[PDB]
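Engineer: This structure is in structure tokens; I'll ask about it shortly.
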Amino acid sequence: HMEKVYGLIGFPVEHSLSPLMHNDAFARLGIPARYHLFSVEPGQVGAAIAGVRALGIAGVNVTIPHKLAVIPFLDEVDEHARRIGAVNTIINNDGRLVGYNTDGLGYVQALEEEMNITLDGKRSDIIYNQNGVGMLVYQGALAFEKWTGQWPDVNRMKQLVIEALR
Amino acid sequence: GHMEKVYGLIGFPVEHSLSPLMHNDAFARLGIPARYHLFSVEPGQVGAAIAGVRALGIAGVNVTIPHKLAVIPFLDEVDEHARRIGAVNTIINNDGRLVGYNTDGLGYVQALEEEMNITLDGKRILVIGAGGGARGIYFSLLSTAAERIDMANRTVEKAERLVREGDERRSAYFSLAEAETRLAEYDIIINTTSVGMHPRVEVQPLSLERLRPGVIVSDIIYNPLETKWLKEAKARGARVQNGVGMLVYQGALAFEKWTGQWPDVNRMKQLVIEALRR
Ligand SMILES: [Cl-]
Ligand SMILES: [Cl-]
């Protein structure tokens with residue numbers, strides 16, 4: 001079968017662990033696809049996004065330093081991402097590119113699940129190299145769910161991440 | 001873990017390709033951090049796709065119908081052999097600079113010499129058809145020590161035009177009718193037309209009536225794995241070859257151009273044949 005293409009856009013991206021967790025998750029769920037790393041120099045972000053649409057790449061995550069840069073090139077941006085003024089997740093719907101930001105929701109969810117608490121109280125270090133691991137995994141999983149419609153096994157993603165960071 | 005490099009095919013359509021099958025298996029057997037994908041590119045979306053290749057850092061892509069001519073303006077450089085053919089089927093991305101090549105000719109030739117264990121020295125060759133699928137083969141054959149490379153085509157003027165681009169000292173142009181009458185004058189006969197290809201199988205590129213026994217009859221068609229033409233040639237005592245080899249060597253040459261390593265062609269043929277017989 002023809003696998004769909006996904007990946008991470010950023011500069012640098014070579015040491016990202018997103019491929020590790022996403023690819024294991026695709027396989028686990030029998031999803032014909034692969035997650036890659038796209039090193040995009042500042043100045044070519046416009047061409048990278050136009051490139052995503054033209055090549056039919058299914059979707060891409062966006063890390064430093066393009067979260068803000070990709071916005072003018074999308075066809076639609078989620079009100080939340082607009083407000084934040086940053087996008088870390090893009091999906092290509094038959095040519096229409098929509099931007100989302102799962103960094104926040106991801107931090108929150110990973111917090112209350114890893115700490116087993118509820119923010120309704122006063123209402124951790126995101127650096128993973130509480131860890132930022134939970135955040136890395138959850139923001140990715142939210143993106144994974146947007147693309148595939150399936151919520152991946154986060155415990156497995158965390159396990160692979162941690163093991164690698166060690 | 002290492003960053004996988006991205007390769008793929010651009011065209012419209014691309015889903016039928018066997019390149020992923022071949023390349024992904026080769027990357028695995030050789031321990032190469034990479035994957036070959038399929039990228040559908042609509043006519044008029046070529047400039048954006050190429051710009052994408054540069055921006056995203058895609059290592060290389062093959063090009064097929066109907067973009068082999070259309071991609072040229074977006075390339076920084078085009079190999080001399082590809083410029084002569086006027087089509088690019090292989091692009092390598094050298095850290096931002098795109099160079100195009102065409103593996104048609106060498107793919108065919110190298111597969112012929114190896115599969116049939118022969119040298120082209122002094123061979124009298126007849127190429128049938130004068131289309132894009134024949135230009136690479138024709139030009140590469142001219143670079144060998146073949147005795148002659150003649151060309152036959154239904155519309156003789158197209159063959160004449162191509163021969164003028166060639167030598168004219170070792171190559172003459174003929175109509176299919178003329179070619180059939182002098183079919184005995186050739187050591188190797190090559191069909192580059194799609195006559196006999198799926199689904200219109202019960203027809204042949206040209207009559208083998210005057211074919212000599214023991215000569216080589218080469219058909220680049222690989223679907224079916226044996227055209228009516230090849231079957232009859234075998235019956236007439238000819239050594240035969242379908243296009244599987246060309247397809248494979250086209251892939252191997254691009255693969256080597258990209259990685260610097262020559263893949264296992266027998267393994268590639270094995271997978272290809274299985275996919276075709278499926
Ligand atoms: Cl012409
Ligand atoms: Cl072929």
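Quick note on naming: the chains in the structure tokens go A, B, ... in the order shown, residues restart at 1 in each chain, and ligands are numbered from 1 in order of appearance.
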Counting only C-alpha atoms and all ligand atoms, what are the residues, protein, DNA or RNA alike, that approach ligand 1 to within 12 Å? I want them as number ranges by chain.

Structural biologist: B: 129-132, 135, 153, 155-165

Engineer: Generate a file of the selected residues that holds N, CA and C atoms, formatted as a PDB file, in the first residue's frame.

Structural biologist:
ATOM      1  N   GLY B 129      10.271   1.887 -33.027  1.00  0.00           N
ATOM      2  CA  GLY B 129       9.590   2.969 -32.335  1.00  0.00           C
ATOM      3  C   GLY B 129      10.561   4.120 -32.190  1.00  0.00           C
ATOM      4  N   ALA B 130      10.070   5.349 -32.308  1.00  0.00           N
ATOM      5  CA  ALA B 130      10.937   6.517 -32.202  1.00  0.00           C
ATOM      6  C   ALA B 130      10.413   7.526 -31.183  1.00  0.00           C
ATOM      7  N   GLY B 131       9.750   7.020 -30.152  1.00  0.00           N
ATOM      8  CA  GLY B 131       9.201   7.899 -29.136  1.00  0.00           C
ATOM      9  C   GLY B 131      10.130   8.167 -27.969  1.00  0.00           C
ATOM     10  N   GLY B 132       9.608   8.847 -26.952  1.00  0.00           N
ATOM     11  CA  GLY B 132      10.412   9.162 -25.784  1.00  0.00           C
ATOM     12  C   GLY B 132      11.035   7.931 -25.161  1.00  0.00           C
ATOM     13  N   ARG B 135      14.415   7.169 -27.223  1.00  0.00           N
ATOM     14  CA  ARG B 135      15.517   8.117 -27.341  1.00  0.00           C
ATOM     15  C   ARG B 135      16.712   7.752 -26.471  1.00  0.00           C
ATOM     16  N   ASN B 153       9.840   2.973 -37.522  1.00  0.00           N
ATOM     17  CA  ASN B 153       8.683   3.593 -36.889  1.00  0.00           C
ATOM     18  C   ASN B 153       7.522   3.672 -37.881  1.00  0.00           C
ATOM     19  N   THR B 155       5.491   6.017 -38.527  1.00  0.00           N
ATOM     20  CA  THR B 155       5.599   7.255 -39.285  1.00  0.00           C
ATOM     21  C   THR B 155       7.098   7.469 -39.438  1.00  0.00           C
ATOM     22  N   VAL B 156       7.609   7.044 -40.589  1.00  0.00           N
ATOM     23  CA  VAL B 156       9.026   7.106 -40.899  1.00  0.00           C
ATOM     24  C   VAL B 156       9.719   8.448 -40.679  1.00  0.00           C
ATOM     25  N   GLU B 157       8.983   9.549 -40.793  1.00  0.00           N
ATOM     26  CA  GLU B 157       9.605  10.854 -40.618  1.00  0.00           C
ATOM     27  C   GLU B 157      10.087  11.088 -39.183  1.00  0.00           C
ATOM     28  N   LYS B 158       9.367  10.546 -38.206  1.00  0.00           N
ATOM     29  CA  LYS B 158       9.778  10.728 -36.820  1.00  0.00           C
ATOM     30  C   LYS B 158      11.107  10.000 -36.584  1.00  0.00           C
ATOM     31  N   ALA B 159      11.244   8.814 -37.166  1.00  0.00           N
ATOM     32  CA  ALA B 159      12.477   8.034 -37.033  1.00  0.00           C
ATOM     33  C   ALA B 159      13.616   8.777 -37.718  1.00  0.00           C
ATOM     34  N   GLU B 160      13.310   9.353 -38.878  1.00  0.00           N
ATOM     35  CA  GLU B 160      14.298  10.096 -39.655  1.00  0.00           C
ATOM     36  C   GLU B 160      14.839  11.247 -38.827  1.00  0.00           C
ATOM     37  N   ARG B 161      13.932  11.970 -38.174  1.00  0.00           N
ATOM     38  CA  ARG B 161      14.320  13.098 -37.332  1.00  0.00           C
ATOM     39  C   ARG B 161      15.252  12.646 -36.215  1.00  0.00           C
ATOM     40  N   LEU B 162      14.922  11.524 -35.582  1.00  0.00           N
ATOM     41  CA  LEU B 162      15.744  10.992 -34.496  1.00  0.00           C
ATOM     42  C   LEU B 162      17.103  10.508 -34.996  1.00  0.00           C
ATOM     43  N   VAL B 163      17.120   9.891 -36.175  1.00  0.00           N
ATOM     44  CA  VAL B 163      18.372   9.397 -36.739  1.00  0.00           C
ATOM     45  C   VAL B 163      19.296  10.564 -37.048  1.00  0.00           C
ATOM     46  N   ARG B 164      18.716  11.691 -37.457  1.00  0.00           N
ATOM     47  CA  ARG B 164      19.507  12.880 -37.763  1.00  0.00           C
ATOM     48  C   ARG B 164      20.176  13.375 -36.488  1.00  0.00           C
ATOM     49  N   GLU B 165      19.512  13.162 -35.354  1.00  0.00           N
ATOM     50  CA  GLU B 165      20.061  13.567 -34.062  1.00  0.00           C
ATOM     51  C   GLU B 165      21.193  12.604 -33.707  1.00  0.00           C
TER      52      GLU B 165
END

Engineer: When you get a sec, could you note down which chain B residues fall within 6 Å of chain A, using only C-alpha atoms, as number ranges by chain?

Structural biologist: B: 3, 39, 41, 45, 48-49, 51-52, 55-56

Engineer: Report, in Å with one decimal, the straight-line distance from atom CA of residue 140 of chain B to atom CA of residue 108 of chain B.

Structural biologist: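 That distance, rounded to one decimal, is 8.8 Å.
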
Engineer: Which protein, DNA or RNA residues have an atom within 9 Å of ligand 2, counting only C-alpha atoms and all ligand atoms, as a PyMOL selection string?

Structural biologist: chain B and resi 104+107-108+133+192+220-222+243-248+250

Engineer: Output the selection as an mmCIF file, in the first residue's frame - C-alpha atoms for each residue.

Structural biologist:
data_model
loop_
_atom_site.group_PDB
_atom_site.id
_atom_site.type_symbol
_atom_site.label_atom_id
_atom_site.label_comp_id
_atom_site.auth_asym_id
_atom_site.auth_seq_id
_atom_site.Cartn_x
_atom_site.Cartn_y
_atom_site.Cartn_z
ATOM 1 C CA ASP B 104 16.614 5.010 -19.533
ATOM 2 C CA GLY B 107 19.409 0.934 -17.656
ATOM 3 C CA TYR B 108 18.387 -0.859 -20.827
ATOM 4 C CA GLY B 133 10.828 5.580 -24.645
ATOM 5 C CA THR B 192 10.193 0.288 -27.519
ATOM 6 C CA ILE B 220 10.944 -3.443 -23.014
ATOM 7 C CA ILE B 221 7.344 -4.289 -22.190
ATOM 8 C CA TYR B 222 7.049 -6.222 -18.902
ATOM 9 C CA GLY B 243 11.612 -5.280 -19.882
ATOM 10 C CA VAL B 244 11.944 -6.392 -16.250
ATOM 11 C CA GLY B 245 15.702 -5.905 -16.416
ATOM 12 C CA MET B 246 15.455 -2.367 -17.780
ATOM 13 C CA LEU B 247 13.002 -1.437 -15.051
ATOM 14 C CA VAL B 248 15.329 -2.868 -12.408
ATOM 15 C CA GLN B 250 16.760 2.055 -14.034
#

Engineer: With only C-alpha atoms as the atoms that count, which of B:102, B:94, B:24, B:89 lies nearest to residue 58 of chain B?

Structural biologist: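 Once distances to residue 58 of chain B are computed over only C-alpha atoms, the minimum belongs to B:94.
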